[PDB]
**Student:** 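Attaching a single structure in C-alpha cells format; questions to follow.
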Amino acid sequence: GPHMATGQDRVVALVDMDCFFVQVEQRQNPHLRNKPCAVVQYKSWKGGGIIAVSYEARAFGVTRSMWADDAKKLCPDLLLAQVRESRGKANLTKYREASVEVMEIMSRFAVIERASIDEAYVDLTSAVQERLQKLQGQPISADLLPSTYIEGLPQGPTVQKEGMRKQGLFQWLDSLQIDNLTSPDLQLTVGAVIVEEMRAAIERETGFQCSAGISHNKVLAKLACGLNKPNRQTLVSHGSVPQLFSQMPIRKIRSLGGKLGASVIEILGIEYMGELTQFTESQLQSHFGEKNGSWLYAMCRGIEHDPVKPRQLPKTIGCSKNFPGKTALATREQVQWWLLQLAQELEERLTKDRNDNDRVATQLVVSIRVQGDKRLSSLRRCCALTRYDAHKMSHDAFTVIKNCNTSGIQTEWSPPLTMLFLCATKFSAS
DNA sequence: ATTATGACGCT
DNA sequence: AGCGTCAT
Ligand SMILES: Nc1ncnc2c1ncn2[C@H]1C[C@H](O)[C@@H](COP(=O)(O)OP(=O)(O)OP(=O)(O)O)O1
Ligand SMILES: [Ca+2]
Ligand SMILES: [Mn+2]
C-alpha cells in the first residue's frame, strides 16, 4: 500500500531522430526531401546495403538490411544516397558530426546520456520542478503540447488521426490536478512541455525532426518514443502501464529482444510483458538470475531505476571492416594494408577527439574474425596506445594478432580474415 | 555477402 | 583480460 514504491520519482525522456542518416542526406541534398529514399553503403554487391529508410520509402516495404537492388524491386523510384568511402571503407563522419549538433542542443536543456548515434536520454526531473514553480499553479494548455500523444487515451465515449490525438490530450488535461506540485502525472505533463520545446529547438537549429518518449524511467521512455513516429512524442504514464503491457510482446522491451527474452517466453510459457506480474521476485530470480529477476519483477510493473548517466561523448572510438566471402584477407600484405587503413582513420578521429574533448585514449583493442566462425569476434587482444600514430598502431595491432596465422608460410594468411577491428579505449583527461 | 559501430555483463 | 549479449 503506502510503502509500495511506484517508480514515479523521476521524469525521463528519450529523444530519437527520425530516419536519421536519411535526414542528414536530405538536408544536404534538397532533391531528396519528401521522397522515398534510403542511405546505402557500398554499391557493387547487389546495389549496396541499406542502412536507413525514409518513411515514404517504408510505405513500399523498404527496410534496413535490404540490398538496394531488392529494394528497387519494391520501389522503382527509390532515391539513394551513399555513405562516404575513405581509405577503402565506409566512413560515418558526416553522421557523427550531425549527431554532435543534436546532442549539444539537447544538453542546453538538461543532462543527457548518449545512447546511440541518434538518440539520448534526458533526465528532466529538476527542469520540471523549476517549470512548475514558474507556472504558479496555472493549467497547461493543449497548445503547449501540439505533437503529444497520451498513451491509452482517448477512452470511453474520432475518424482522423490528429482528431484522435487531440481527443486523448484533452481527456488527459481535463483530468489533471495542477494544484499538487508533486503529482507524477503533472510532472510528466510538464516534462512533455519541455520536450516539445527541445524538439522544436532541434528542428529550428538543425533542420532535423525527431520523436520522443516521456515517462518515469528509461525503458518506458524508449518504448513510448516508438509508439507514435515520426515527428511526434508520446507520454506513457504510470497508470497506462497495465493496459499497455497486457498485449505487449516481451521482445519489445529494451534488453529483452534477444536470448533472455526468448527464455522468459519459453520457460514461463507467456507472451506479453504484463503476464510477468504473476511471478514472485524469487521465482524470476530463480530462472534468470538475481539481477535480471529483480529487474523483471519491477519492470513488468512499470518500474526501473537505471539512471540517466551524465555522458554525452562516446566512451570508445573504433574502426571496423568486414571482408566477406571471397574478399577475405589471405596474404600478410593484405592484412597489413587494411590494418593501416583502419589505423589511419582511427588516428584522424582520435586526433580530432583530443582537440575537441581534452582526453586521450590509452588502450588499443584489436579484434579479428576468421573464416568459418560466424561469431562477430573470433579473437580480441589489447595493447598500449601510447602515441596517436597510424603506422605504430597498425604495427602494434599486427604484432598482437600475427600469432593467429596457422599458415606455415611467411607470406600467406590462414585461415583468411573476414573482419578487422581497431578500437581506442580507456580515456584519460588531457 | 545483414555492415559499422558502441555499451555493458560475466567470469 | 577476453568473451558474450544486445543494441542502433
Ligand atoms: N544495424 C545498423 N547498421 C548500420 N547502421 C545502422 C544500423 N541501425 C541503425 N543505423 C544507423 C542508421 C540510422 O539512420 C541511425 C539511427 O538508427 P535508428 O534510430 O534505429 O533508425 P532510424 O533513425 O533510421 O529510423 P527511425 O525513424 O525508425 O528511428 O543509425
Ligand atoms: Ca531514429
Ligand atoms: Mn535510434
Side-chain angles (χ1 to χ4, degrees), chain A residues 14 16-21 38-53 63-71 82-96 99 113-121 218-219 222 225-226 251-263 288-292 295 306-307 309 311-328 341-342 345-346 349 363-369 371 373-384 400-401 404 418-427:
Chain A
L14 180 278
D16 179 272
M17 309 305 297
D18 298 330
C19 52
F20 183 46
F21 289 14
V39 171
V40 76
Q41 49 194 12
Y42 305 117
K43 200 93 196 75
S44 277
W45 187 268
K46 296 180 171 296
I50 293 179
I51 59 170
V53 188
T63 63
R64 174 173 292 132
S65 94
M66 192 168 276
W67 300 114
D69 286 351
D70 294 333
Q82 302 184 238
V83 174
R84 170 177 159 197
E85 280 174 56
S86 305
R87 303 181 199 80
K89 66 182 296 293
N91 189 291
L92 307 176
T93 296
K94 187 196 302 183
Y95 313 106
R96 285 190 189 100
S99 179
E113 178 180 348
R114 182 198 196 270
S116 78
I117 199 168
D118 88 324
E119 77 207 75
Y121 296 91
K218 288 202 283 182
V219 165
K222 178 63 186 186
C225 185
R251 66 179 179 273
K252 301 302 188 174
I253 274 65
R254 197 245 280 170
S255 82
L256 300 181
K259 291 179 180 183
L260 178 63
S263 79
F288 310 114
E290 188 166 4
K291 183 166 146 286
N292 290 333
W295 182 86
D306 186 41
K309 288 155 198 59
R311 188 188 48 80
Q312 211 187 312
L313 306 170
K315 289 189 175 185
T316 57
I317 300 187
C319 296
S320 68
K321 182 158 176 50
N322 289 354
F323 301 95
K326 282 191 67 19
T327 67
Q341 299 324 291
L342 288 181
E345 176 185 328
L346 189 55
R349 284 164 59 193
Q363 185 177 69
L364 180 71
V365 174
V366 188
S367 183
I368 66 186
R369 192 174 161 212
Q371 206 161 249
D373 189 344
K374 291 261 250 179
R375 295 178 294 176
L376 170 151
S377 173
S378 298
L379 167 134
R380 277 191 306 239
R381 296 286 196 264
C382 67
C383 65
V400 310
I401 68 157
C404 302
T418 55
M419 186 274 297
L420 299 175
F421 191 2
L422 295 181
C423 188
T425 70
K426 292 197 184 316
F427 285 95

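The figures that follow rest on heavy atoms only: side chains count, while hydrogens, waters and symmetry mates do not. Convention: sequence-line order gives letters A, B, ...; per-chain numbering from 1.
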**Student:** Please report the distance, rounded to the nearest Å, between CD1 in A:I50 and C1' in B:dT2.
**Tutor:**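 After rounding, the reported distance stands at 11 Å.
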**Student:** Please tabulate the protein-to-nucleotide N/O contacts below 3.5 Å involving nucleotides 7-11 of chain B, giving atom names and distances.
**Tutor:**
unit_1 : atom_1 : unit_2 : atom_2 : d
B:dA7  : OP1    : A:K315 : N      : 2.5
B:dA7  : OP2    : A:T316 : N      : 3.4
B:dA7  : OP2    : A:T316 : OG1    : 2.5
B:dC8  : OP2    : A:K315 : NZ     : 2.6

**Student:** So what does A:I117 hit on the nucleic acid, given a heavy-atom distance under 4.0 Å: a base, only sugar-phosphate, or nothing?
**Tutor:**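 Result for A:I117 = nothing.
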**Student:** Give A:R381 one of three labels, base, sugar-phosphate or nothing, depending on what nucleic acid heavy atoms sit under 4.0 Å from its own.
**Tutor:**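 Sugar-phosphate contact only - A:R381 comes under 4.0 Å of backbone atoms but never of a base.
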**Student:** Please say whether more than 12 non-hydrogen atoms of neighbouring residues, nucleotides or ligands are located less than 6.0 Å from NZ in A:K43.
**Tutor:**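 Atom NZ in A:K43 is crowded, with more than 12 foreign heavy atoms closer than 6.0 Å.
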**Student:** If you assign A:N91 and A:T327 each to the DNA chain B nucleotide with the nearest heavy atom, which residue ends up on the more 5' nucleotide?
**Tutor:**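 The answer here is A:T327.
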**Student:** Reading DNA chain C 5' to 3', which nucleotide is the first, and which the last, to come under 4.0 Å of any heavy atom in chain A?
**Tutor:**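 So the contact region on DNA chain C extends C:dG2 to C:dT8.
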**Student:** Output, in order, the C-alpha distance, side-chain angles, deciding distance and verdict of side-chain contact (heavy atoms from CB on, under 4.5 Å) for A:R380 and A:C423.
**Tutor:** CA-CA 10 Å; A:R380 277 191 306 239; A:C423 188; over 6 Å; no
**Student:** Using the side chain to side chain contact (heavy atoms under 4.5 Å, CB included) criterion, which residues pair with A:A120? Sequence neighbours excluded.
**Tutor:**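 In terms of side chain to side chain contact (heavy atoms under 4.5 Å, CB included), with neighbours along the sequence ignored, A:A120 is linked to A:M103, A:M106, A:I112.
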**Student:** Round to a whole Å and report the spacing from CG of A:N322 to P of B:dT5.
**Tutor:**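 After rounding, the gap between these two atoms is 10 Å.
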**Student:** Taking all heavy atoms of A:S377 and all of A:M419, pick out the closest pair and write down the distance.
**Tutor:**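 Here A:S377 and A:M419 meet closest at CA-CE, 4.3 Å.
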**Student:** Just distance, no hydrogens or angles: give the donor-acceptor pairs under 3.5 Å from side chains in residues 252-259 of chain A, sequence neighbours left out.
**Tutor:**
unit_1 : atom_1 : unit_2 : atom_2 : d
A:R254 : NH2    : A:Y121 : OH     : 3.0

**Student:** Taking only N and O in the side chain of A:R96, is any of them less than 4.0 Å away from OP1 or OP2 of B:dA4?
**Tutor:**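 No.
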**Student:** In whole Å, what is the span from the CG atom of A:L422 to the P atom of B:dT5?
**Tutor:**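 Computing the A:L422:CG to B:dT5:P distance gives 10 Å.
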**Student:** For A:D306, which residues count as a salt bridge (charged side-chain N to carboxylate O under 4.0 Å, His left out) partner, sequence neighbours excluded?
**Tutor:**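 Counting only residues at least two positions away or on another chain, A:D306 forms a salt bridge (charged side-chain N to carboxylate O under 4.0 Å, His left out) with A:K218, A:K309.
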**Student:** Over all strands shown, is A:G257 touching base, sugar-phosphate only, or nothing at heavy-atom distances under 4.0 angstrom?
**Tutor:**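 Sugar-phosphate only.
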**Student:** What is the distance, to the nearest angstrom, from the CG atom on A:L420 to the P atom on B:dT5?
**Tutor:**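 Atom CG in A:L420 sits about 12 Å away from atom P in B:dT5.
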**Student:** I want to check one thing: is the phosphate of B:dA1, taken as OP1 and OP2, less than 4.0 Å away from some side-chain N or O of A:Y42?
**Tutor:**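 Looking at the OP1 and OP2 atoms of B:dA1, neither is under 4.0 Å from any side-chain N or O of A:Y42.
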**Student:** Name the residue closer to the 5' end of DNA chain B, choosing between A:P324 and A:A90 according to the nucleotide with the nearest heavy atom.
**Tutor:**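 Looking at the nearest nucleotide for each, A:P324 comes out on the 5' side.
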**Student:** Between atom CZ in A:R84 and atom P in B:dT5, what is the gap in whole Å?
**Tutor:**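 The distance from CZ of A:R84 to P of B:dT5 comes to 12 Å, rounded to the nearest Å.
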**Student:** Scan A:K326 against the nucleic acid and name what it touches under 4.0 Å (heavy atoms): base, sugar-phosphate only, or nothing.
**Tutor:**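 Contact class for A:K326: none.
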**Student:** Please report the distance, rounded to the nearest Å, between NZ in A:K46 and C1' in B:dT2.
**Tutor:**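 Those two atoms, NZ and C1', are 13 Å apart.
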**Student:** Measure CD1/A:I368 against P/B:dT3 and give the value in whole Å, please.
**Tutor:**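 My rounded result for the distance is 18 Å.
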**Student:** So what does A:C423 touch, heavy atoms closer than 4.0 Å: a base, only the sugar-phosphate, or nothing?
**Tutor:**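 Touches nothing.
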**Student:** Taking the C1' atom of each, how far is C:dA7 from B:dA1, in whole Å?
**Tutor:**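 It works out to 22 Å between them.
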**Student:** Taking the nucleotide of DNA chain C with the closest heavy atom to each, which residue, A:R375 or A:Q363, is nearer the 5' end?
**Tutor:**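 Taking each residue's closest nucleotide, the earlier one in sequence belongs to A:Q363.
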**Student:** If the condition is side chain to side chain donor-acceptor pair (under 3.5 Å), which residues does A:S320 pass it with, not counting sequence neighbours?
**Tutor:**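 Per chain and number, A:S320 pairs via side chain to side chain donor-acceptor pair (under 3.5 Å) with no residue.
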**Student:** Hey, are the side chains of A:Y95 and A:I51 touching, using non-hydrogen atoms and a 4.5 Å cut-off?
**Tutor:**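 Result no, sub-4.5 Å side-chain heavy-atom pair not found.
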**Student:** Contact class for A:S65 vs. all strands (heavy atom < 4.0 Å): base, sugar-phosphate, or nothing?
**Tutor:**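 The residue A:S65 makes base contact.
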**Student:** Measuring only between side-chain heavy atoms, which start at C-beta, is A:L346 closer than 4.5 Å to A:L364?
**Tutor:**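 Yes, at least one pair of side-chain atoms sits under 4.5 Å.
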**Student:** Are A:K89 and A:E345 side-chain neighbours, meaning at least one heavy-atom pair lies under 4.5 Å?
**Tutor:**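 A side-chain contact exists here, since the closest heavy-atom pair is under 4.5 Å.
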**Student:** Find the distance A:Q41:CD to B:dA4:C1' and express it as a whole number of Å.
**Tutor:**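 Going from CD in A:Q41 over to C1' in B:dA4 covers 6 Å.
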